Each structure stands twice: as structure tokens, then as C-alpha cells.
Amino acid sequence: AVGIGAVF
Amino acid sequence: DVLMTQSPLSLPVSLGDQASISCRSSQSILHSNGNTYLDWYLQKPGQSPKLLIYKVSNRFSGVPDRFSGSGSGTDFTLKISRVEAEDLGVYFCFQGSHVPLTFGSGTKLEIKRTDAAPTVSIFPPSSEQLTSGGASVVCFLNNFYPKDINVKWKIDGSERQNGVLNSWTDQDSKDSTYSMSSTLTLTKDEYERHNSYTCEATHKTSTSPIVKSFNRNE
Amino acid sequence: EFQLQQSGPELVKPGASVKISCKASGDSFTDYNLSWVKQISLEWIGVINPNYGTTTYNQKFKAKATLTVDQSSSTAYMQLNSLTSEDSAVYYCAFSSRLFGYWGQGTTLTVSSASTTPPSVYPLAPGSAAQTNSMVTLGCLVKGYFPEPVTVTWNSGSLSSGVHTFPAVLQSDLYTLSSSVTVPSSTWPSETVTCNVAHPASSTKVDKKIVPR
Numbered sequence: 086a087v088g089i090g091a092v093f
Numbered sequence: 004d005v006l007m008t009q010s011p012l013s014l015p016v017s018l019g020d021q022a023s024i025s026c027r028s029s030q031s032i033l034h035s036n037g038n039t040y041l042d043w044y045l046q047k048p049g050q051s052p053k054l055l056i057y058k059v060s061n062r063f064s065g066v067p068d069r070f071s072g073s074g075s076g077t078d079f080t081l082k083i084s085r086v087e088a089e090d091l092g093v094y095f096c097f098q099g100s101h102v103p104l105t106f107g108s109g110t111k112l113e114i115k116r117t118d119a120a121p122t123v124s125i126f127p128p129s130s131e132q133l134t135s136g137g138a139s140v141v142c143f144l145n146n147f148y149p150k151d152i153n154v155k156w157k158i159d160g161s162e163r164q165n166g167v168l169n170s171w172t173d174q175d176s177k178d179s180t181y182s183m184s185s186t187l188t189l190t191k192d193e194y195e196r197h198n199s200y201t202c203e204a205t206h207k208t209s210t211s212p213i214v215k216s217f218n219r220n221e
Numbered sequence: 096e097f098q099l100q101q102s103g104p105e106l107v108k109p110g111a112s113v114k115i116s117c118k119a120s121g122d123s124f125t126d127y128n129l130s131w132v133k134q135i136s137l138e139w140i141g142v143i144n145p146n147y148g149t150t151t152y153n154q155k156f157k158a159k160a161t162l163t164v165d166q167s168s169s170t171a172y173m174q175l176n177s178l179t180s181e182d183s184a185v186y187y188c189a190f191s192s193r194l195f196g197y198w199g200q201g202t203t204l205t206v207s208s209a210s211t212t213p214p215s216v217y218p219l220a221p222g223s224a225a226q227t228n229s230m231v232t233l234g235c236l237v238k239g240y241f242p243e244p245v246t247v248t249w250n251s252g253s254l255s256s257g258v259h260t261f262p263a264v265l266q267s268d269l270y271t272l273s274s275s276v277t278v279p280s281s282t283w284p285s286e287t288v289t290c291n292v293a294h295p296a297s298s299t300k301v302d303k304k305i306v307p308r
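Protein chains in written order, with this note's numbering: chain U, 86 to 93; chain H, 4 to 221; chain Z, 96 to 308.
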């Protein structure tokens, strides 16, 4: 996953 | 919260220089799932931040290979092998591992040039403004380098800080200098209460303050 | 294709609330989420997954922000509540998916109690005459207006070299902007120099000639 919310 | 700090905060470079920007976190950015959600962003003036590197060292598609990322745990580094003009702007590191997600304070990559002393110009209130009942004194401090400067207003020799509005330009694209405007707004009564008005700048290009003044009654 | 769209600039009175929007569209992704980021310096507010309605907040914003989704239109919303000057900022929507992320253009929010107010335009002329073969700096002070933008040009755009227009600053609910122009002493005052100010929101246009004191 890529981007600010990748962890979610 | 995980606190992110960057060093340096300002990085003047010449085109072609190598550049290194470091990021330190107060706790490790390694997630329990094994990933380290440390990203690097570039923001150009008037634009949205753009992703350069994700998860420490992955160049996003389309990002030139002069950008590289390294590090682990609490210490990370973004390197630019040879700075190009399109690289100038503010760099942010970002951790996306631990809520609340947090950003570093940013590093301004700017052009290095020779030192340039500010051109300082002071202006009394206009007759238009005085007719309307107010009194603003304006000081422009134009085309200086480096960007760090301090301005002080003195009225009859005493420093005045309330009523001051400051604004700064970004680095000029043609001569790589900075400029600053300072406006001291008084009531007309206050303006008529004092005579000597002075704008004083502290800048590296003089060891003494750079001063411009006028006397109201002249 | 891919598009990420945010709603436009907002002007809100202190203590009021506002609701801004973000929408991702295209055939280029499946699962995704949308994060909200505040810039006065970047601060993460929270994240919503539009397809599941799940949210995670920065506790700092738990009362200040409410994230929702209109699943009929696939439009995410952030409501910002009980606004103070602390809340004037640009708010970015940041899209995250399996293969790429992307930040929107941002929504500017300005908190002020002011209604539309035209600018006062004041000339800045030097109090001392100029030496031969020197540069003279003139200016234009644009005070007391709301909202942005005001535009400033010199000689209807024909004087462009040596101009500095300084970013507008909001103070006590109204904006101040200034602009300087530097010209040779042989060109002013023998040729006219005029600052041209326009404020579309108040339908204001002012030409102020800079005359010697």
C-alpha cells in the first residue's frame, strides 16, 4: 500500500 | 505521539551539489507487521506535497533516481545525488506507522548565492490614510541574502512591537534573493504624539543595524 | 483514469462550523482510503475508508473534526466545528491505495467575522528626493479588505521588473497587502507610476498614482 493511509 | 524532527531546517545548495536531509523519530517507525512506514515528500510553492520515497527507500514510479532514501528504526536520510532546479522546495518526512501519523517540520532546499545587503525604504503615512483617521508606517527590506533578517521599529528611540504586520516573499527565481515588508499601524493621535520613526534591520551583511528614519514634522 | 477532487475555498465566522468534501473517482483502483491533512507545517487529522465507513482520528481532532462518507455518491466529508483563528489553514485530502497515493489541491478555510469589505489603497512615496542615477522605491499599501484575493499591478502590468508583491496577511479579521516597485530616478517622477488594485468580491477597482511628497 502507498500513501498517507497505507497502514490501515 | 511519535515526534519527527528534520535536520537541517534550511539547506542552501548550488545546482549540482549533493544534498542530504535527515529525519529522526522519537520512537521506532518499525511496525509490528514488519513494514517501516517512513515517507519523503516534496512540496513546491503553491502546490500540494508530492511523494518521492515510500517505506524508507522505495522510489515511487516516475521519481528520478537522483533521489534515494536510507535508514532504519529512528534515523532516516534522504539524499539527492546532484540537485536540479526542479528539486527546490520544502521536503517533509512522514511516519505512517503509529497513530497519530506525524510529519517532520520540513527542510527548505534553496539556492545558495552571494550575500546581498537589503535595500531598506521607509514611508510615512499617506495623506489619504491620515484623512481617513489612521496612520501606517511602511518599511520595505528588499533583495537580500541570506533569508534570515530581523526588523525592529523605534518611535522616538523606543522599540514598538504592537501594531506590526510582517510579510515575506519566497526566494526570487531570477536573482535568488528574499524580500520583506513591515507595516506599523498607529492611530492618528499616536502618530501625532511622536516625531522620529525608524525601521532597523539586523542582517549578516552589516555588523551594525541597518537604519532608515524620518521625522514627522519635516 | 484517476481524479481526486476537493471542494472550494470557505469563509466562516468564528464559532461557526463548516463541511468540506473530497471524492476519488476512476477505474484505476479498488480499495482505498482518504486522509485529511492540515497545513498552516503538516498535521494529520484522520482517515476514512469510504467503502466501509471506518475512521481513525488524531485524538487532537476528536471534537474539532468529524469524518463521514456519502456512500451514495462516494463522497467523503470533513466537518470542522466551532471554528477559531487556529483553524484557518489549507486542508488536503490524501488518497491511499494498493499501488499509489495522491494529494488533492487543498481546500482553504479562512475564519473571520468580517463581511465583504473593499480595500483602502494608499500610495507610498519617498519623503526625500533622489540622487542622480539612483534607484527609487515606491509602493502601494492595500489595507482593510475581506476576503482574498486583491490583485495589484503597476502601470496596468507594463511595469513588471523590480516589483515585489507581498503575500496578504489576515489581522483583526481584515487583510493587509503591500507592493513595492523600484525604478531609476530618471524615470520617476518624470513618468507616471500608478498602482492598480482590484478586489473582485466588492467590485472595487482603484488606480492610485504615486506622486512626490
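Backbone N, C-alpha and C fix where the C-beta goes; we use that ideal spot for every residue, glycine too.
Quiz item: Measuring CA to CA, which of 243(Z), 284(Z) and 303(Z) is closest to residue 297(Z)?
Solution: 243(Z)
Self-check item: Start-to-end residues for the beta strand (DSSP E) that takes in residue 183(Z)
Solution: First-last for residue 183(Z): undefined, no H or E at that position.
Practice problem: Measuring alpha carbon to alpha carbon, tell me which of 169(Z), 265(Z) and 233(Z) ends up nearest residue 245(Z). | Solution: 265(Z)
Exercise. Would you tell me roughly how many angstroms separate the C-alpha atoms of residue 308(Z) and residue 283(Z), rounded to the nearest one?
Key: 13 angstroms
Practice problem: Taking C-beta pairs closer than 7 angstroms, name the residues in chain H that residue 261(Z) reaches, listed in chain order. | Solution: 170, 172 and 184
Self-check item: From 268(Z), 306(Z), 113(Z) and 187(Z), residue whose alpha carbon lies closest to that of residue 161(Z)
Solution: 113(Z)
Quiz item: Taking the C-alpha atoms as reference points, what is the distance between residue 251(Z) and residue 270(Z)?
Solution: 23 angstroms
Exercise. Kindly identify the DSSP beta-bridge partner or partners of residue 112(Z).
Key: Answer by DSSP bridge pairing: none, since residue 112(Z) is not bridged.
Quiz prompt | C-beta contact flag for residue 198(Z) and residue 51(H) at 7 angstroms | solution = yes
Quiz item: Contact check, residue 206(Z) vs residue 177(Z) under 8 angstroms by CB: the rounded distance?
Solution: Not really, about 11 angstroms apart at Cβ, beyond 8 angstroms.
Exercise. Check the DSSP bridge columns for residue 273(Z) and list the partner residues they point to.
Key: 236(Z) and 261(Z)
Exercise. Select from 268(Z), 146(Z) and 257(Z) the residue whose C-alpha is nearest the C-alpha of residue 167(Z).
Key: 146(Z)
Quiz item: So is residue 218(H) buried or exposed if we call it buried at 16+ other beta carbons inside 10 Å?
Solution: exposed
Self-check item: Within chain Z, the residues that residue 131(H) reaches when beta carbons sit closer than 9 angstroms
Solution: 215, 216, 217, 218 and 303
Quiz item: Got a sec: which bits of the stretch 271 to 297 of chain Z sit with their beta carbon under 9 angstroms from any beta carbon on chain H, in order along the chain?
Solution: 271, 272, 273, 274, 275 and 277
Quiz prompt | Stretch pair the stretch 9 to 24 of chain H + the stretch 109 to 116 of chain H: three plus CB contacts closer than 8 angstroms | solution = yes
Quiz item: Mind checking whether residue 273(Z) and residue 202(Z) have CB atoms under 7 angstroms apart?
Solution: no
Quiz item: Taking the continuous alpha helix (DSSP H) assigned at residue 192(H), which residues delimit it?
Solution: 191 to 196
Quiz item: Looking at the C-beta of residue 40(H), does it have a partner C-beta in chain U at a distance below 7 angstroms?
Solution: yes
Quiz item: What does residue 151(Z) reach in chain U if we use C-beta pairs closer than 8 angstroms?
Solution: 93
Self-check item: Under 9 angstroms by beta carbon: chain U residues contacting residue 189(Z)
Solution: 88, 89 and 90
Practice problem: Below 9 angstroms between beta carbons is the criterion; list the residues of the stretch 54 to 74 of chain H that meet it against any residue of chain U, in chain order. | Solution: 54, 57, 58, 61 and 63
Quiz item: Which residues of chain Z have a Cβ atom closer than 8 angstroms to the Cβ of residue 95(H), listed in chain order?
Solution: 137
Practice problem: Check each candidate in 21(H), 127(H), 39(H) and 149(H) and name the one with the smallest Cα separation from residue 78(H). | Solution: 39(H)
Self-check item: Environment of residue 153(Z) [buried if 16+ CB atoms lie within 10 Å]
Solution: buried
Quiz prompt | Length at least 3, wholly inside the stretch 105 to 163 of chain Z: the beta strand (DSSP E) runs in chain order | solution = 105 to 107, 113 to 121, 127 to 134, 137 to 143 and 150 to 152
Quiz item: How would you list, in chain order, the residues of chain H whose beta-carbon sits under 7 angstroms from the beta-carbon of residue 300(Z)?
Solution: None at all; the shortest Cβ gap to chain H is about 16 angstroms.
Exercise. Tell me residue 171(H)'s beta-bridge partners as DSSP assigns them.
Key: 183(H)
Practice problem: With 7 angstroms as the threshold, decide whether the Cβ of residue 136(H) is near any Cβ in chain U. | Solution: no
Self-check item: Per-residue burial, residue 267(Z) [other beta carbons within 10 Å of its own, 16 or more giving buried]
Solution: exposed
Quiz item: Along chain H, which residues have their Cβ under 9 angstroms away from the Cβ of residue 175(Z)?
Solution: By Cβ distance, chain H contributes nothing, its closest Cβ being about 17 angstroms from residue 175(Z), past 9 angstroms.
Self-check item: Every unbroken alpha helix (DSSP H) within the stretch 78 to 147 of chain H, with a cutoff of 4 residues, ordered by chain
Solution: 130 to 135
Quiz item: What residues from chain Z crowd round residue 198(H), counting only those whose CB sits closer than 8 angstroms?
Solution: Correct list: empty, because the minimum Cβ distance to chain Z is about 13 angstroms.
Exercise. Report yes or no: is there a C-beta of chain H within less than 7 angstroms of the C-beta of residue 196(Z)?
Key: yes
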